[PDB]
Structure formats: C-alpha cells, structure tokens
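These notes concern the structure reproduced below.
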Amino acid sequence: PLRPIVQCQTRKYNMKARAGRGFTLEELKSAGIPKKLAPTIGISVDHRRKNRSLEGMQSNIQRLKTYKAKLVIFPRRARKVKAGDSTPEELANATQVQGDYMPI
Amino acid sequence: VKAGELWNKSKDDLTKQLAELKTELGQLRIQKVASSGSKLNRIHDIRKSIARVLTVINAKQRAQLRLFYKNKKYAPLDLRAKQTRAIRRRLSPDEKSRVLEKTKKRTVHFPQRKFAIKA
Amino acid sequence: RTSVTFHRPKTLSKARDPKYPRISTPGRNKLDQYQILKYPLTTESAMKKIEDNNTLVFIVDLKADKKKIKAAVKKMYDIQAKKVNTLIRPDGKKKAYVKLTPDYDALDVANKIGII
Amino acid sequence: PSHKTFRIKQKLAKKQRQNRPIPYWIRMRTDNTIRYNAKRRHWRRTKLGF
Amino acid sequence: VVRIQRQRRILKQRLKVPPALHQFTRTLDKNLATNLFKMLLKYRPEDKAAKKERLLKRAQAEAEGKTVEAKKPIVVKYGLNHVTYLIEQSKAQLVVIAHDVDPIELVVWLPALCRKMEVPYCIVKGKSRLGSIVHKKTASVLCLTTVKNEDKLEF
Amino acid sequence: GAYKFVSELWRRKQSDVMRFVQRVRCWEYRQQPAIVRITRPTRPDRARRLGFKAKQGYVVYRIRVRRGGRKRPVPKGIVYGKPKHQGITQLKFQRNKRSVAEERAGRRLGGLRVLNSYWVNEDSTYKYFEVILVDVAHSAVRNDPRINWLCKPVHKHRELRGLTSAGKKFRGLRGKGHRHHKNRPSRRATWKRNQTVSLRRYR
RNA sequence: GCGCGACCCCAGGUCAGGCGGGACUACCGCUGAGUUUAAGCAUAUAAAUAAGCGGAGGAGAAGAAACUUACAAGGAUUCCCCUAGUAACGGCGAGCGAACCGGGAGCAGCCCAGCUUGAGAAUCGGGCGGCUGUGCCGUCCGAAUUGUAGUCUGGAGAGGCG
RNA sequence: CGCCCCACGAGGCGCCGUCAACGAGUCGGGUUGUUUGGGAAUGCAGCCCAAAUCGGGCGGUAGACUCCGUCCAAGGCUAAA
RNA sequence: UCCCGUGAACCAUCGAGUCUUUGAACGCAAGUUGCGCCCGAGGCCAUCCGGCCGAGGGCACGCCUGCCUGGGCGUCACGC
Ligand SMILES: [Mg+2]
Ligand SMILES: [Mg+2]
Ligand SMILES: [Mg+2]
Ligand SMILES: [Mg+2]
Ligand SMILES: [Mg+2]
Ligand SMILES: [Mg+2]
Ligand SMILES: [Mg+2]
Ligand SMILES: [Mg+2]
Ligand SMILES: [Mg+2]
Ligand SMILES: [Mg+2]
Ligand SMILES: [Mg+2]
Ligand SMILES: [Mg+2]
Ligand SMILES: [Mg+2]
Ligand SMILES: [Mg+2]
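Residue numbers (PDB author numbering), protein chains in the order written: chain KB, 53 to 156; chain BB, 6 to 124; chain NA, 37 to 152; chain VA, 2 to 51; chain AA, 53 to 207; chain HA, 2 to 204.
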C-alpha cells in the first residue's frame, strides 16, 4: 500500500522527508477516500498522526489524488461494474507494477 | 490357502479353518520334539496361515461393525478416528470459521478488492 | 434426632448405561487350549513317568493354572486328569504333570499323539 | 536363594538363555563380523548384581 | 455447611447492620403482600408453552392477510438492568424488591434510587416467590409500568 | 443499568455498608476451604468487564492466598555466600498474590483454563481472589466466536507461564515507553539479544 | 400429621467429556549461587547467569501507545545496522551500558463490559428424531433476568434528516 | 467460464446540534527488598496509606504555581519479519 | 505352482488388523505374578424360572455440563 510524505523528527533529520505509515483521517476524508475503504484499495490509514501544516496536508492530498488517478480496480463480480470499478478495456492492460511506483 | 479365497467364505467355515489350522500346528509342534526333516518346515507356513485367517476374521468383523455403528451413531473408542491427541482436540472447521457480526459485516461490506495501477 | 452424630444419608445410584460400548468387538479367547497345551515333553526321565505313574508331561503356557490345564486336557485328547502338578522349569517355561484317572491309559494316549 | 521371588526367577530364566556360544552357522552368513560371543557371563566371575 | 450457614445468620444478628442494609428486615406485611401478589399473578409474563402459539398463529395473518392485528400485551417487567432502566427514566409505576438478594449489593441502592426519583417501592419477602411470578428461579426485582383500565382503582 | 450503581458501591470500600457486608463475608470465607467452587460471581459487574458471561462453562473459583512476603527457604536461615546474599527475612516474591491465586487454581483445576481473576476480600492473614475459568470443551464455549481464542493449543496453562491480566503486571508489561522497554519481548529475551556478540561474515 | 419454590451443599462405577506424563535445540514464568575479576576484600564483578521448580507451540513471547520527542515533529509488535563501548552507572575502582533519531527486513488490525428488545430471550446447551453430515433442521428438557444475544470501543458513537 | 441478481435492513458519504456512559484495594503516594544504565529511586513485589470525571498518566533532578506538548491505563485476541 | 501371474521376495511402501506384563497407569498393593468387589456372553443340574463353573469386561483421582437420589427453620411461602 501507499505511504505519506512526512518529515523526520529530531533536529538532525527534520529537513529530510521520508515515508510514513498512513495518511491521516483528514487526508483520507478530504481526498474522497473513506476511512474503512482506503486499506481496501491499497492506501494505508493511520489514525494516530496529526497534521499541523497546510503544506503537509496538501502534499499528502496530492499523493492521494495522483494515486486515485492511476489506480484501477476490478469488479467484485464479472459483469457487475459498480461505482469505483473500472472499464474492461482498462482492466485488460493492467500489470503488476514493481518497485517504488512513487519515489519520495 | 489364499486370502482371495478366505475373503470369499462364510463365517462358520472361516471358524472351522481356524480350528483346523491350530490342530495342524498342534501336530507339527508335537513332531518337532521327536521327528524332523520336511514337516519341521511346514510349521512356518501353518503359523502364517493362522495369522492370515485371524486377520481375515478381524478385518471382516470390524468392517461389518463399522457398517453397523457407522449409522452416524455414537462410536466406540476402538472405532473413533484416532489421529493424535492434539488433532483430536483441535477445533472443527465450522468452529474455526466462527466470527462476529461486526467482522462478518466488515467482510460482506468492504472486502479486500483487486487492484492494479497505471490507469 | 436421636444421636449427636450426623452420619451421611443414604442416596441412590444407577448402574452404568453407556450410550456407546467402550469395546465393541468380542474379546477372543487367547489362553485357548492350543496355547495352553504347547507340546508334551519327551525326555527319558518323563518317558519313565509315562509308564510308571500313568502321567503325561506337557509344557504349558506360562500363565496357565491347574483349572485351565485340566479343562484343556479334557477338550483336547478327550480324557480327564485326576490331578495336575505344575512347576516352572528353570529355563523359563512351565511344565505340567497331568495324571490320568486310571480309566484311561497313558500308554494309549502317548501312542495316540506319538511320544514313545 | 531357595526362596526366590517369581520376578527374580523370571529374569534368571532369561539370563540363562543368554548363555550359549554363538551358533556354528552364523559364522558363515554373508559379510559377517560376529566372531565369538563377547557377552558371556560366568557364575563365579561376573555377578549379575541383581 | 450447615454449621457455617447457622453462624452466618447468628453473626449477622450480632453485628450492627448499617441503615442501608437495615432498611431490609422491614418487609411488606403478609396481608398487603398477598393482595399485591394477586395482581402480580394476574399479570404474569408469558409461558414457554404459550409463546410458541402466539408466534405460530401470526404466520397466517402475515401470509394471507399480510396485516398485523396485535394490540399491546401488558405484563409485569423484571430483571435488574431493565428495571433500573425503567426506574431511571421514571417509567416504573410500582417497584417490588426482594429482601434476600445475595450478594446484597445488587439491591442496596434501589430503595434510595426509587426514593430520590419518587417511585413507589416495596421490599417484599422471597426472591424465589418473585421468580415464580415470571417463571424464573429468581427475580430479585419487579416493576409495573401500566395496568388494565378494568383495575385502576384496585391498583 | 445496574452495573454502574454496583460499581461505585464497590468503589466506596471504606463506607460502612461495605465494611459490614465485607467483614461478614471475610468470616464466611475464612471458614470455608481454600479453593472452592462458587456458582455465581460475587461481583457480577467486575466479572462482566473481565469477560465473565452468564454462559455455561465459565466457572468461578474462590482461592484463598496468604499475605506477606517470601522468606528464603534454606536449612535454617543459613545462606552460604557473601554478605550481600546473606539475608533471609525481608525478601519479596516477584509475582503478585493475584497471580499466585491464579497459579494455585491452575494446578488444582487441570482440565479448565484460567481466564481472569479479581479481588473480593482480604484481611491481615489472607487475600481472596475469585478466578474466572473456562471449560474449553463444552459446545457453548467452543461455538462462541469471542472466546474460541482460548481453545487453541498455544493457551495451555496461561497462568503457569504469565499470560493473564495479573500475569502481565508482574511481568512488567503494563507500560510502553522507556521505563518498560527492557520487558519486551521479555526481560530474558532482551538480555539474550543484548548479549549476543554479533560476528558478521565480513566483519 | 402436610404437600412446596428457591439457596447452599452431598453422594452417584449416572449421560457425554476435558486434566496429569515424555524430549530439550530454540521460547515463557518463578527461583537462584559460587569459583573468577577486583593483583587482598567486605558493595561491585562473575550474573539479573550455571544448577533447581514449572508451561507451550512449530515457533513462543510482544503488539495497536495512559509512547517518544521539543522537531517542519513522528505513529502498533518484532529482528538486523548505526546510535555506542556512547549518556549513564560504579569502593566514579576493576568495570558496566541501554534507549530515542535514522537506514533496512515485514507490515494488519481488531472485540468486548457499560445507558440503549421489553408489544417479545430475539441467545446458548443436552437428549431424541430427520437430512444435505466439521454442520442444518423438528420436538422435549435445561441454562440465563445476579443478563445470553444485538449496537458500540474514543479514530468514535447513539439519534434525525438526505 | 454457467445459472442464479444483489434493498427497503445494514454500511458509506453529507448536514445538525442534543446527547456522548471508556475497565477500583485499580492508579497514585509512603516505606522495605530485589532489579536496572535508569541517576531525590527503571521495573517488579510485599505491607500501610488510598482515588478521581472542568478528570488521569508522561515531557529522564526532588518541589509549589502559570502556560504548553502529549496520550487515556487498570479486560482480550492478532499472521510476516 | 512361486512363473505370459490374484504373483516369490530378510523387497519398497501404507491406509486394513493384532498389539502379552508394565509404565502418567488408574481396584488396594508391590523383594507379592499377593489380595478384593461388580457385570457377564455360554453350559450343568433344578434346593424354585435358582444356584454353580464361566469366555470376556469392568471398579482410580481432581474436574466441567446435565440428570437422579438426598441433607440444613440458610430464605421462604402455604398448612396441619
Ligand atoms: Mg507349585
Ligand atoms: Mg567370590
Ligand atoms: Mg548461596
Ligand atoms: Mg581477588
Ligand atoms: Mg590473584
Ligand atoms: Mg581470597
Ligand atoms: Mg549486570
Ligand atoms: Mg537452567
Ligand atoms: Mg503469540
Ligand atoms: Mg565510535
Ligand atoms: Mg531475584
Ligand atoms: Mg525501587
Ligand atoms: Mg529501595
Ligand atoms: Mg497476547
């Protein structure tokens, strides 16, 4: 699953971004990606983090939006394509993307 | 005598043949002490034929007995499926699939979908 | 009450009534006549017993008792024993001296089974 | 002793049957190494200790 | 066992019961208790034998008419959690507490609760006799919320 | 909602109502055997919160344990050593008496598995713990989704090994940050991890 | 001269069941030394070890912060690397010694008790019978109102509305 | 790949403002022994003291006050590494 | 006859079987094959349509759920 851009702690490393554990509830809500469903579609959720800066919040929204742009989801059944799924012709060209498909 | 023909017999004739084999071994054991030569070796065949006929008796009897108590009735400790003590005490599959309502809802809704990227 | 001691009351108990038998198969007889009478010892010291004292010397399964020895000597060989003596010979097996009631003749039995 | 338990008589029987020199014929079985019976016991030398 | 259960009541006699526990041992008198229990017997909860018929015979009313003609069935309420719920909403029109609940702490406070919320209560004698009303082995508390219009005055 | 009322009633443990009802029970307990089956919890709201249920197979056992520390059981009090392990009478045991009660019931009740235990009474000589146990064989317990976890084989003799609520307290696992970091996974696993002389291949 | 209901507790070769013991690599808990080092030795060290007493699994233990940090802050558990032979601790002597940060391996969260069916125990078990047989169904007995089930677990949630 | 089509019940999303219950001889304190790198005391344990709901625990020096940051114990389960 | 096959083998392998006395070891013991109690297929004679020899099988301890038989003015109601 996906991970947030966050800052490191600790004066020695405050200036270096790195991967986090999950997007806060506030990002998942403001991106149109429900709490219960983000782990379902491969987005971690971290109930414990706090966002104190618009810069961090908008950066993590940008990661969410990009991921939801380049995410494809197969239907739960064969012919029944419901909301959130994707077109057959879209599904037919999906492969297993390997390595870090979003480098921080 | 061959197990093929023994399995193809009645219960009473099967018991007769056990009586006869143990009497033939009775005679060979007698003549082991006194005489010798060629009838000293038939002992081993007769002993093995006693074993054959008793194994036939027990196998057929327990097969019949499984047919009768395997009416999905209470089964006896000589029929109950021995595996190992740990295996006997494990939980059955309908018991290991037991989950809660807040969890069976969490899977009836909100399952683990199938996704790729690059769309 | 009458006595200054309370002894425990009398209750009632039921006999065991299993809903499944613990041992289904009927147990076979394992000290049967052919195990219980292995083979007659045929030393010359016993051969003397055959003709002096109207006795047959068998070697019997070590877990034999005199009641089973007489019963088997009757079912096999179709005789009876008026008295059996037993001893466990030092090598390990049990040896039984079966004296026939003087109706039957030990010579006759010894030649019906082949000893002498 | 003359009054011995049946357990001790039972075990004397077996420690008796365990005294014989090895059979004459074993010695020719294929690829054989048993040479003499190295588990002899004598009543005056090595007491059973039981 | 007998020995200890005798010095039990003896020692409860000797020791000084505090008032919260001594508001018990002051029970309803036999005459008013019997008068009350007559009405309680009139309003018994539903039998197991009778609760299969009420669910069996509505099957047809659902299958053919498809319409429910039930009116409210009115019976006594019981159970400590439920009765504390009724009492604390003040929907309890009469409370009947067993005197002899063990452990006593389950009802040390219902008298005071009914008292400070102004609900009529009695400390009757016999939790088993309460249990019989509802068909359980104990009841430990009962309360009435509403009675039939044919016996308001008797109530 | 009765359990809240009884909860504060049992919170006010120096009020006269609890002083009475608790001393009389202390006498009754002190007159019965050390380990005794009791058909109902005496503290139903305490039992509810620790996972008791009014369901078959959950049994409740009152175990009496003694108070005070541990005096070193040596031949007279004569300890062969240096002056620093030469004391006897002021040493304290490293498991709480709650866990000692659970682990007494664990040895008495072979077939049933300890779930929890809670304080009920105490005096100068004894403490009384009521220990909730579970029968892991009755179908009512085998078919409960919430308490099967106790029938898996990795849960035999929890109390003998330190895995109940009282077990963790004396194991040092109530706590998370520093002040409690040496006790995870266990103090001996920490000691091993910290003592291993790691000699890598290309050292 | 009674029939009773409950409570506690009996005895049952009662129906059906669960427990003890064994092996030691690794794992969990208690207990617990000293030779040695200190050029003596008495705290210290040896060592929160060896021995002793118990408990399991194929891994066990731990685990979703009553946490660290003072940052622009991070975000469950576990192990490797560095942190670090460092802060600390110590007849501040011999000696002893971790952690946060960061880099990696792997990543997953969950469920109860409570106020909340009261027009209605909706829950569970056992016997018996039927079948589609790890279960499901029909009926009887029983447990349970000193509360089984259901909703809820703080990220919430209960409601009303869409 | 085929037949069976998922709802008025549950969930999500949005609006609301009224509710909004969270674990007791438990935490915490003293003292004692052990343990620790943990130092006016790191854990654990005994004994005695003994809770709270504009409230509780921490911010590595004991203390009173003002502000700040932080989390919500005393019940339970949980693969991989 | 085990030979152009119901088929050798100190063969491989594993599902059908047997598994003496013991042992956590379980009737009570134990330098004891010591000493008990209960059921019982079968058969004899009839002191009855009962008793004797039985082949086999049982009898531990703590416990869990249920049932049967009980005890206690422990709490009660209803009564003589
Ligand atoms: Mg003799
Ligand atoms: Mg000599
Ligand atoms: Mg010592
Ligand atoms: Mg020195
Ligand atoms: Mg030196
Ligand atoms: Mg010296
Ligand atoms: Mg050290
Ligand atoms: Mg060791
Ligand atoms: Mg585990
Ligand atoms: Mg360095
Ligand atoms: Mg220690
Ligand atoms: Mg300390
Ligand atoms: Mg100290
Ligand atoms: Mg755990």
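C-beta atoms are modelled at their ideal positions from N, C-alpha and C, and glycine is treated no differently.
For this session: Using three-state DSSP, classify HA/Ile148 as helix, strand or coil.
Result: Looking at HA/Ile148 - three-state DSSP - the assignment turns out to be coil, as it is neither helix nor strand.
Exercise. Are the region 134-150 of chain HA and the region 51-68 of chain HA in contact at 8 Å, needing three or more beta carbon pairs?
Worked result: Enough Cβ pairs lie closer than 8 Å, so yes.
Exercise. Which residues share a DSSP beta bridge with KB/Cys60?
Worked result: In the DSSP assignment, KB/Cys60 forms no beta bridge with any residue.
For this session: Indicate the three-state DSSP secondary structure (helix, strand or coil) for KB/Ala69 in the structure shown.
Result: In the structure shown, KB/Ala69 sits in a strand (DSSP, three-state: E or B).
Problem set entry | Own chain, CB closer than 7 Å to AA/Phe76, minus 5 neighbours either side, in chain order | Non-local beta-carbon contacts of AA/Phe76 in its own chain, meaning distances under 7 Å to residues more than five positions away in sequence, involve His151 and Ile175 in chain order.
For this session: List the endpoints of the continuous beta strand (DSSP E) containing VA/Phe7.
Result: Bounds of any beta strand (DSSP E) do not take in VA/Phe7; it lies within the alpha helix (DSSP H) bounded by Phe7 to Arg18.
For this session: Report all residues for which the CB-ligand distance to some heavy atom of ligand 3 is below 7 Å; order them along the chain.
Result: Here the residues come out as HA/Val80, HA/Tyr81, HA/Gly82 and HA/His86.
Problem set entry | Buried or exposed (CB count within 10 angstroms, at least 16 for buried), HA/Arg38 | With fewer than 16 Cβ atoms within 10 Å of its Cβ, HA/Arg38 is classed as exposed.
For this session: Indicate whether HA/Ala48 and HA/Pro42 have their beta-carbon atoms separated by less than 8 Å.
Result: Judged by beta-carbon spacing, HA/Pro42 lies within the 8 Å limit of HA/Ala48, meaning their Cβ atoms are closer than that value.
For this session: Could you check if KB/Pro56 is buried or exposed, using at least 16 other CB atoms within 10 Å of its CB as the buried criterion?
Result: Burial call: buried.
Exercise. Which parts of the region 59-110 of chain HA are runs of the alpha helix (DSSP H), unbroken and 4 residues or longer, counting only runs that do not cross its ends?
Worked result: Entirely contained in the region 59-110 of chain HA, the alpha helix (DSSP H) runs reaching 4 residues are, in chain order, 98-109.
Exercise. CA-CA distance, BB/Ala64 and BB/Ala56?
Worked result: Straight-line measurement puts the Cα of BB/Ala56 at about 12 Å from the Cα of BB/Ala64.
Problem set entry | Rounded straight-line distance, which links the Cα of BB/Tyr79 to that of BB/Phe73 | Approximately 11 Å, taken between the alpha carbons.
Exercise. Using a Cβ-Cβ cut-off of 7 Å (strictly less than) and excluding sequence neighbours within five positions of AA/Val120, which residues of its own chain qualify?
Worked result: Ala113.
Exercise. Does any residue of chain BB bring its CB to less than 8 Å from the CB of HA/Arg41?
Worked result: With 8 Å as the cut-off, HA/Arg41 does not count as an interface residue toward chain BB.
For this session: Name, please, each residue of chain VA whose Cβ falls closer than 9 Å to the Cβ of NA/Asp127.
Result: The contacting residues are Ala14, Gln17 and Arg18.
For this session: Can you say whether HA/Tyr203 is buried or exposed, counting buried as having 16 or more other CB atoms within 10 angstroms of its CB?
Result: By the C-beta density criterion, HA/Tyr203 is exposed, having fewer than 16 other C-beta atoms within 10 angstroms.
Exercise. In three-state terms, what does DSSP make of HA/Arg114?
Worked result: Strand.
For this session: Counting only runs of 4+ residues fully inside the region 75-99 of chain BB, write out the alpha helix (DSSP H) ranges in chain order.
Result: Residue ranges of uninterrupted alpha helix (DSSP H) with 4 or more members, entirely inside the region 75-99 of chain BB and ordered along the chain, are 90-94.
For this session: Below 9 Å between beta carbons is the criterion; list the residues of the region 22-41 of chain HA that meet it against any residue of chain AA, in chain order.
Result: Answer in chain order: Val22, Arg24, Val25, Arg26, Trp28, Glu29, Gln32, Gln33 and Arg41.
Problem set entry | chain HA contact for BB/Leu82 (CB, 8 Å cutoff) | No, its Cβ sits nowhere closer than 8 Å to a Cβ of chain HA.
For this session: Tell me, please, which residues DSSP counts as bridged to HA/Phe130.
Result: As DSSP reads the structure, HA/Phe130 sits in a beta bridge with HA/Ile64 and HA/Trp120.
Problem set entry | Segment contact, 8 Å Cβ cut-off, at least three pairs: the region 123-136 of chain AA with the region 38-45 of chain VA | They do not touch, by the three-pair rule.
Problem set entry | Residues, ordered as in the chain, of the region 16-36 of chain BB that lie near chain NA by beta-carbon distance below 9 Å | Flagged, chain order: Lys27, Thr28, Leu30, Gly31, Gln32, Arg34, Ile35 and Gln36.
Exercise. For the alpha helix (DSSP H) that contains NA/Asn147, what are its first and last residues?
Worked result: Segment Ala142 to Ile149, the alpha helix (DSSP H) holding NA/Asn147.
For this session: Mind the definition here: the region 74-86 of chain NA touches the region 29-44 of chain BB only if three or more C-beta pairs lie below 8 Å; say whether that holds.
Result: Contact between the region 74-86 of chain NA and the region 29-44 of chain BB is present, because at least three Cβ pairs lie under 8 Å.
For this session: Buried or exposed for HA/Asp145, please, with buried defined as at least 16 other CB atoms from any protein chain shown within 10 angstroms of its CB.
Result: Classification of HA/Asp145: buried, given that the 10 Å Cβ count is 16 or more.
For this session: With a threshold of 7 Å, establish whether the CB of NA/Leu123 neighbours any heavy atom of ligand 1.
Result: True, at least one ligand heavy atom lies under 7 Å from that Cβ.
Problem set entry | Best match in NA/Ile105, NA/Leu123 and NA/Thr47 for proximity to NA/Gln69 [C-alpha to C-alpha] | Comparing Cα positions, the closest option is NA/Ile105.
Exercise. Looking at the C-beta of KB/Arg129, does it have a partner C-beta in chain BB at a distance below 8 Å?
Worked result: No, its Cβ sits nowhere closer than 8 Å to a Cβ of chain BB.
Problem set entry | Per-residue contacts from KB/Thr147 into chain BB (C-beta, under 8 Å) | Per Cβ cutoff of 8 Å: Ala121 and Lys123.
Exercise. Can you round the beta-carbon distance between HA/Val135 and HA/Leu113 to whole angstroms, since I take them to be within the 8 Å contact cut?
Worked result: The beta carbons of HA/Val135 and HA/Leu113 sit about 6 Å from each other, so the pair counts as a contact at 8 Å.
Exercise. Applying a beta-carbon distance threshold of less than 7 Å, which residues of chain AA neighbour HA/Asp17?
Worked result: The contacting residues are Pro70.
Problem set entry | Contact with chain BB by residue 254 of chain HA, beta-carbon distance below 8 Å | Residue 254 of chain HA is absent from the model: chain HA starts at 2 and stops at 204.
Problem set entry | Runs of alpha helix (DSSP H) wholly within the region 65-128 of chain NA (minimum 4 residues, chain order) | Taking 4 residues as the minimum length, the alpha helix (DSSP H) runs contained wholly in the region 65-128 of chain NA are 69-72, 80-88 and 102-111, in order along the chain.
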